[PDB]
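Next come the chains, spelled out residue by residue.
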Amino acid sequence: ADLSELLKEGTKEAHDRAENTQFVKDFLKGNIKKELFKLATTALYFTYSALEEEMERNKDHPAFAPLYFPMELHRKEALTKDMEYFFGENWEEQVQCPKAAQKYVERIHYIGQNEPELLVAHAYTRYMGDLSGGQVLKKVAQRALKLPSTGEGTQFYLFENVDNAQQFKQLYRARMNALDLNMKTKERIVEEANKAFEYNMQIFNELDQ
């Protein structure tokens, strides 16, 4: 079957575990105060910074190059703005990567440097979720925190260079299923995605405390 298919089925339960953590629920209800939201944005910054560094490094690698979309997908810049908006211009001296997130960052660097054919598992669990879910999460954060409607602190959640999010998701999926992969590597990808989803849950749990 198709890689995108194995991932939708092989990760549904890990995706749901992550989706049902106490952090996520109180997020969707508007009950996450500013300081916790900043800590969560801090974790997105180090996480996406590592992931996009590894995708840049492997931008020509045949098992990944078709999915390299810096203009459409990359989040480091938008996350830099949000960090500047919440912390001030000296933000980098003020933050430190959360410990659970440091474990995800280490995993991302390992994959991009030793098994780049697995990098797709990490881009899928992050960017495809962000594309379809974005605008919903954006408004919740703007309300709960009285964020300016001009978009400050919330730019992570807007993909300005993607004009039809459900259309880009199709393009991305089509390219993924066209990758030259045997069934061995494909199910490696599927369990690497489950790995990634569990890393997300570990970060949500560290954030709940």
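Conventions adopted
- Residues numbered from 1 in each chain as written, not as in the entry; some residues may be left out.
- Heavy atoms only, no water.
- UniProt positions renumbered as here; feature names shortened; annotations may be inferred.
- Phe/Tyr/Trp six-rings, centres within 6.5 Å; stacked < 30°, edge-to-face > 60°.
- Helix = DSSP H or I, 4+ residues; strand = E, 2+ residues; numbered from the N terminus.
- Buried < 20%, exposed > 50% of the residue type's maximum accessible area, 1.4 Å probe, protein only.
- Core = buried A, V, L, I, M, F, W, Y, C linked by side-chain atoms within 4.5 Å.
- Contact = heavy atoms within 4.5 Å.

The protein carries the name Heme oxygenase 2 in the PDB entry, which gives Homo sapiens as its organism. Under its PDB record, the entry appears with the title "Crystal structure of human Heme Oxygenase-2 in complex with Laurate". As its UniProt record puts it under Catalytic activity, the protein is described as follows: "heme b + 3 reduced [NADPH--hemoprotein reductase] + 3 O2 = biliverdin IXalpha + CO + Fe(2+) + 3 oxidized [NADPH--hemoprotein reductase] + 3 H2O + H(+)". Looking at the protein in UniProt, the text filed under Sequence similarities is "Belongs to the heme oxygenase family."

Asks: So what about the packing of aromatic side chains? Which residues, and what values?
Replies: The final tally for this structure, using the stated rule, is 13 aromatic pairs. Relative to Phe 86, the ring of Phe 37 has its centre 5.8 Å away and its plane inclined at 75°; by these criteria the two rings are edge-to-face. Placement of the pair is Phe 37 in helix α4 (residues 34–57) and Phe 86 in helix α6 (residues 76–87), with a sequence separation of 49 residues. With a relative accessible area of 3%, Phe 37 lands in the buried category. Residue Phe 86 is classed as buried on the basis of its relative accessible area of 5%. Note on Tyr 45 and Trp 91: the rings are 4.8 Å apart at their centroids and 80° apart in plane angle, and the pair reads as edge-to-face.

Asks: So, the nonpolar core: which residues are in play, and what are the values?
Replies: Residues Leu 7, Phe 37, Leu 73, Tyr 127, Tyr 172, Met 176 and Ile 189 are the most contacted members of the largest nonpolar core, which totals 61 residues. Listing elements by their share of this core, those giving two or more residues are α1 (3–10), α3 (22–28), α4, α6, α8 (99–114), α9 (119–144), α10 (165–177) and α11 (183–208). If near-sequence neighbours (up to four positions away) are discounted, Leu 7 is found in contact with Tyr 124, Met 176, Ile 189, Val 190 and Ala 193.

Asks: Tell me what's going on with unusual backbone geometry, and back it up with residues and numbers.
Replies: With phi around 50°, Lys 146 is a residue other than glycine that occupies positive phi space. Mapped onto the fold, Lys 146 is located in the loop between α9 and α10.

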